């Protein structure tokens, strides 16, 4: 695993600032709640696997050995979301937000609405 600090996440996610109207603090909050800042996090379910900081699934967003019949919307191999370069992770996160919305990560819960200044570095 590779856990980052809150400040490292803040700096690394700069390019997501205000994307879709989501402020930087919200992205950091999303990252904390999604993978605890672990860029190598992998979570398995019966029919799918989620990868990295943004926990992008191999059912619709990326392709891996477990599911080669993935829609591969982000057109990339999931293992790409397990390294130190968040560049492609960010490119794909924007698509998820554009397409499904912030609830891909929040699941209808208001986990990143109050005291947002707490997620600032």
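Residue numbers count along the first chain shown, from 1.
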So which stretch wins on mean C-alpha B-factor, 20-28 or 7-15? 7-15
Per the PDB record, is the mean Cα temperature factor higher over 59-67 or over 91-99? 59-67
Please work out which residue in 46, 34, 72, 39 has the highest C-alpha B-factor recorded for this crystal structure. 46
Sorting the chain's modelled residues by C-alpha B-factor and splitting them into thirds places residue 79 in the middle
